[PDB]
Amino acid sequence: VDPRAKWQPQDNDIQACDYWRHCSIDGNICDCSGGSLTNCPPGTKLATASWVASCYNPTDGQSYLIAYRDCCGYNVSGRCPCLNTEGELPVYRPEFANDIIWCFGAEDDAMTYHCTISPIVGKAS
């Protein structure tokens, strides 16, 4: 309700902008367009690189780094749009900057934003 209020993560709906692994996602959630929380939708290409972010998990009190790799090669999905910036850094500090199109390494050179996946790279701590 209050766009200016603090993040309140949940672990009960991966398609809600406030799901906990989305604490720094920019764009659209791949689960809502054929992919899954951690996989890309058919026809699209999987980036291997991306901006990351340590995101707290209310279910286990732990914190993990999420690699927000993009699914590219398609026009933006337009479904489940979200934007979170927990610890999001400015562009001269790319590793944590999310206005960037993280399509680097996707098959056939896809550079167009379609949606973002929220896989865990491991424990942040």
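Don't overthink the numbering: it's just position in the shown sequence, from 1.
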**Complete:** For 5-13 versus 19-27, entry-based mean Cα B-factors point to 5-13
**Message:** Mean CA temperature factor from the deposited coordinates, higher in 57-65 or in 43-51?
**Reply:** 57-65
**Prompt:** Hey, what third does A106 fall into on Cα B-factor, ranked over its chain?
**Reply:** highest
**Asked** Among the chain's modelled residues, which third holds the C-alpha B-factor of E86?
**Response** middle
**Request:** For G34, return the chain-relative third of its C-alpha B-factor as stated in the PDB record: lowest, middle or highest.
**Result:** middle
